[PDB]
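Asks: Questions regarding the structure given below will be posed in turn.
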Amino acid sequence: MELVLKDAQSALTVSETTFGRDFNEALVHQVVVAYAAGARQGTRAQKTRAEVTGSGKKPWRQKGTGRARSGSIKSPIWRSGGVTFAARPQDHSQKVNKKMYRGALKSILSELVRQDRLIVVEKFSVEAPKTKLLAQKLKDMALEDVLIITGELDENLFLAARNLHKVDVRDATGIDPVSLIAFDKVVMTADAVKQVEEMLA
Amino acid sequence: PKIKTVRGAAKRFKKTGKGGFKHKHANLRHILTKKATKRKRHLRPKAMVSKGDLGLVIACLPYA
Amino acid sequence: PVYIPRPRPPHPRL
Amino acid sequence: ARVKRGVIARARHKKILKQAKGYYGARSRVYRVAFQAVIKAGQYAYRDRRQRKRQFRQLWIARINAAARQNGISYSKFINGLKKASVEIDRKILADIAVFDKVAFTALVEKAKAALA
Amino acid sequence: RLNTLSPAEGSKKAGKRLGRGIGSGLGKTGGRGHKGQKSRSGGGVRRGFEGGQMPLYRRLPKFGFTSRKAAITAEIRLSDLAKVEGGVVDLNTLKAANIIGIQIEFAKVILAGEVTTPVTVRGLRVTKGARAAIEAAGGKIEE
RNA sequence: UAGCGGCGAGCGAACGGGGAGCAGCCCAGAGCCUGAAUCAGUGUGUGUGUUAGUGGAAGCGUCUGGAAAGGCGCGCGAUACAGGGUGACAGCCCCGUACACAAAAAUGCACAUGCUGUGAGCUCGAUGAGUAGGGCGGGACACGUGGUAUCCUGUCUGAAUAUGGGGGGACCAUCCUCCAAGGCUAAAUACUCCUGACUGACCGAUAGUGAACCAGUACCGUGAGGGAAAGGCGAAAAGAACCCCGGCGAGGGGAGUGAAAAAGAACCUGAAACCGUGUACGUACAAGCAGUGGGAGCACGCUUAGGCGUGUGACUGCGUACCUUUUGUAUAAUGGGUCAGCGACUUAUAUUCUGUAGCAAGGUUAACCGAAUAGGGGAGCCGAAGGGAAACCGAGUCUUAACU
């Protein structure tokens, strides 16, 4: 495969089956549903008819009163006492197969390549810890919203993008399938592509 | 929690090759000297569960 | 109402 | 995420009360009676389209029969008589003529009588 | 692409929602019929219960015992006979290739099919025909 | 799973395997040496955190607008675009946040270093008896006394003492292994009345604490105990100076504030049932789930100048509500006075099937480690082989002396 850069204008030979392969849509949807559904902490709780602060004495007689039968004030048909199926804190975190995660990352790398969105550069870092430099610098390449993903993270580059909105600078260990779609361009170090070729495999 | 087997069914049914079940015949424990010998030989092999009572067995023992 | 009285007894019929 | 349903029951209950507009009593006011009014007023509007064809049909047959007995023949003689001359005019137009123009109707009685008798 | 993704046709199915109207179908009793025990909250009988009749697993007599030895033995194919380490095969070293398990103390070999290498099986108990397939491929089985 | 079990309902291990965490000793003892290890508890000092805190970047002009933080034009700050408030939605108005320091004192901690106080190392011994075990009656073991080992025992007895004893699931014999009848010991472990910050495909006033409002209060009960309802003027009170009717009223109409007083304290929005006033049309000789199909006349708006649009509806055909339960309901069978809000197939974990996606004779990991939704972890589960009660055999196998 021919990853030609745009600044050094050099080829980069990677695995066709890893990188220039098919795009399975309904797998990528599965990993993004399972990932965003892994993002939920899900700390909801209501209370049933056994936690409402009340009593258990029947409000009135069973028979002879004109009113409908009722047995507890905590019943879920009454006001202020209720929630027949009250929800609890749960785990919405759902499991993927490992090969579907790695494979679907290979598929979205394929889709980012065939759309001329994924950008390979060589070693690409900032010089001083100042976001002013990254403003001109990402003005120059015409990069509005990116994923500056590198293989060696430092205090120089990461601090210079902690306050940019549309910029997220990750470690090549930590790419995730909602970012590689949720950014408009992606720019990579050649070392970062060198590692993602290994990890996705 | 995982399902608990009807344990008295695990001691009486035993899975076969194609997913069926074999069992014993239920007339050979007591009161035997009156029964004909043809009748008692035809109870000595193990036999398979009928499909009328196969859903009960698939329900009751859920692992084997 | 807190106090609901016992209903007026039925006509026998037994 | 808890779902409140106030603003949609407005739309259902008011959609019912707009159709029930014009009805006597609680049938235009109260929803619980107006729904029961609208349904029954849907059944009647379904059956009376079927009855509309028959209720105009005997109106037409009464017009033709009355004017035809003015012009000296019954309805049944007039309709076998129209069938014999192979005349494909329906009861609708033929009832329409006898009100407005007696004379083309009268010649149509003559064409009933010619093939008939 | 994050608003253009979509699942395949028939992946989701969206469930029977009981007790919602007439036109849903399964509304007003929702699928469970009119009166009776199966129509109640938590109703319906337990497993195997034939409505009072003596059940199927109690009419029939219990047979057999449960052998203790049948746990600690294994049934080796010929497929995973090459997977071991090169060319020699015993109880242990089948246990490190993880085809038999750690508790297991006895082992045979079944003509399942296609052994390839020169194999030296030791201490296992190869039947009749996998004998002819290990010998026929060139290996040898000593006791 | 093995088992246990009126062998029913149900109860349910272990061995062994992976992991978090690891730490060992002391008395039943005298002699020797003897402050030899480390703790218990004081003293000072070094750091480290809490109990107050400090600094903390950078914007203007026009357009509507009550007012700008909004619009377009044009500049900058960002190891600060986490939040909150400001007359409408603010990186550059304010508080902050990033970050950077700071404590007289009282301290929590780590240990440094003294100091009261307690005692290592060798050689030789010693090695826990009314206890183990047993009978009787019970209990805990997954084990319901069963062929039931192990442990705790209320009652009565009652060993040997390292040449001895206990266990190895009735018991005996051989082996293996450990040595009770005296103790102590962190860490992984569970819990949150409370304290701090942060977070939510959790609630937003019939919800969420019972309680957003001096709520466990009013109020009820002899007492235990029960136990509510109740948020919102506006940006700012600028919350109405003054005048008039009226009882030095309540209430109201003018003025006046305000963008708005149909925002006036009974205060944002203001739905429905319910109750009126005004117009149009219908009705006082006409019987009935009150509508529906046909349709006169009338009253308004239309544009062509004749039919629309809308409202009412004379007169006429037909027409016994809705739900539930039933063989069957107009039913004189049940239910609903009406409106408005709430009100019932959920969730967790296993198994079976169908769709779909990945991989494929392989598929897949659980706990846990983790700069951590990645990657490691293959402990394990299901499969690719079945037959038999079982040893055992194996594309066969079982029955049987063998099977046509």
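Each chain in the structure tokens gets a letter, A, B and so on, in the order shown; residues start at 1 in every chain, and ligands are counted from 1 in the order they appear.
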From a DSSP calculation on the backbone, collect every residue of segment 52-153 of chain A in helix (DSSP H, G or I) and output the set as a list in words.
Replies: residues 98, 99, 100, 101, 102, 103, 104, 105, 106, 107, 108, 109, 110, 111, 112, 113, 114, 131, 132, 133, 134, 135, 136, 137, 138, 139 and 140 of chain A
Asks: Quick one: residues within 12 Å of segment 9-23 of chain B, only C-alpha atoms (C1' of nucleotides), excluding same-chain residues fewer than 4 positions away - as a PyMOL selection string?
Replies: (chain B and resi 4-5+43-51+53-64) or (chain E and resi 47-48+55-66) or (chain F and resi 1+3+7-8+385-389)
Asks: Would you kindly report the residues of chain B within 6 Å of chain F, using only C-alpha atoms (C1' of nucleotides), as a list in words?
Replies: residues 1, 2 and 3 of chain B
Asks: Take the residues that were just selected and, keeping N, CA and C atoms, output them as an mmCIF file, in the first residue's frame.
Replies:
```cif
data_model
loop_
_atom_site.group_PDB
_atom_site.id
_atom_site.type_symbol
_atom_site.label_atom_id
_atom_site.label_comp_id
_atom_site.auth_asym_id
_atom_site.auth_seq_id
_atom_site.Cartn_x
_atom_site.Cartn_y
_atom_site.Cartn_z
ATOM 1 N N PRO B 1 -28.975 -16.003 38.578
ATOM 2 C CA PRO B 1 -28.199 -17.204 38.863
ATOM 3 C C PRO B 1 -28.440 -18.273 37.825
ATOM 4 N N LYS B 2 -27.512 -19.204 37.667
ATOM 5 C CA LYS B 2 -27.702 -20.223 36.658
ATOM 6 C C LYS B 2 -28.747 -21.234 37.107
ATOM 7 N N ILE B 3 -29.292 -21.946 36.129
ATOM 8 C CA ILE B 3 -30.429 -22.827 36.343
ATOM 9 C C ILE B 3 -29.965 -24.053 37.109
#
```
Asks: Can you list, as a PyMOL selection string, every protein, DNA or RNA residue that comes within 12 Å of residue 70 of chain D when you count only C-alpha atoms (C1' of nucleotides), leaving out same-chain residues fewer than 4 positions away?
Replies: chain D and resi 63-66+74-75+98+102+105-106+109
Asks: Contacts from chain A to chain D, 12 Å maximum, only C-alpha atoms: show me the residue list as a PyMOL selection string.
Replies: chain A and resi 42+44-46+83+86-87
Asks: For chain A, which residue out of E:105, E:80, E:142, E:9 is the nearest one, using only C-alpha atoms?
Replies: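 Closest candidate: E:9.
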Asks: With only C-alpha atoms (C1' of nucleotides) considered, list every residue of chain F at most 12 Å from chain D, as a ChimeraX atom specification.
Replies: /F:200-204,207-208,271-274,289-294,311-313,316-319,321-323,336-342
Asks: Output C-alpha atoms (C1' of nucleotides) for every residue in that selection, as a PDB file, in the first residue's frame.
Replies:
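Contents of the output file selection.pdb:
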```
ATOM      1  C1'   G F 200     -24.668  11.151  35.581  1.00  0.00           C
ATOM      2  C1'   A F 201     -28.421   8.619  27.888  1.00  0.00           C
ATOM      3  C1'   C F 202     -31.013   9.932  36.855  1.00  0.00           C
ATOM      4  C1'   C F 203     -35.652  13.572  38.923  1.00  0.00           C
ATOM      5  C1'   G F 204     -37.379  18.698  37.923  1.00  0.00           C
ATOM      6  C1'   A F 207     -41.521  13.673  39.983  1.00  0.00           C
ATOM      7  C1'   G F 208     -36.919  13.366  43.192  1.00  0.00           C
ATOM      8  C1'   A F 271     -54.823  23.912  29.280  1.00  0.00           C
ATOM      9  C1'   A F 272     -59.410  21.186  30.453  1.00  0.00           C
ATOM     10  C1'   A F 273     -63.860  20.051  33.075  1.00  0.00           C
ATOM     11  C1'   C F 274     -67.306  24.101  35.197  1.00  0.00           C
ATOM     12  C1'   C F 289     -77.944   6.230  22.538  1.00  0.00           C
ATOM     13  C1'   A F 290     -79.506  12.480  20.152  1.00  0.00           C
ATOM     14  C1'   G F 291     -75.976  10.737  15.444  1.00  0.00           C
ATOM     15  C1'   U F 292     -75.780   9.813  10.368  1.00  0.00           C
ATOM     16  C1'   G F 293     -77.097   9.973   4.754  1.00  0.00           C
ATOM     17  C1'   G F 294     -80.564  13.660   2.070  1.00  0.00           C
ATOM     18  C1'   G F 311     -72.543  28.471  11.001  1.00  0.00           C
ATOM     19  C1'   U F 312     -77.349  26.675  12.387  1.00  0.00           C
ATOM     20  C1'   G F 313     -80.571  22.965  10.739  1.00  0.00           C
ATOM     21  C1'   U F 316     -87.087  12.658   6.073  1.00  0.00           C
ATOM     22  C1'   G F 317     -84.569   7.173   5.652  1.00  0.00           C
ATOM     23  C1'   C F 318     -81.780   4.482   9.076  1.00  0.00           C
ATOM     24  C1'   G F 319     -79.954   4.084  13.983  1.00  0.00           C
ATOM     25  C1'   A F 321     -73.946   3.901  24.435  1.00  0.00           C
ATOM     26  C1'   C F 322     -68.306   2.277  25.692  1.00  0.00           C
ATOM     27  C1'   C F 323     -65.584  -1.561  28.819  1.00  0.00           C
ATOM     28  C1'   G F 336     -66.958   5.020  35.364  1.00  0.00           C
ATOM     29  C1'   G F 337     -69.979  12.270  38.163  1.00  0.00           C
ATOM     30  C1'   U F 338     -66.379  15.116  34.743  1.00  0.00           C
ATOM     31  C1'   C F 339     -61.522  17.228  33.784  1.00  0.00           C
ATOM     32  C1'   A F 340     -56.167  17.426  34.510  1.00  0.00           C
ATOM     33  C1'   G F 341     -51.635  14.939  36.240  1.00  0.00           C
ATOM     34  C1'   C F 342     -49.695   9.944  37.716  1.00  0.00           C
TER      35        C F 342
END
```
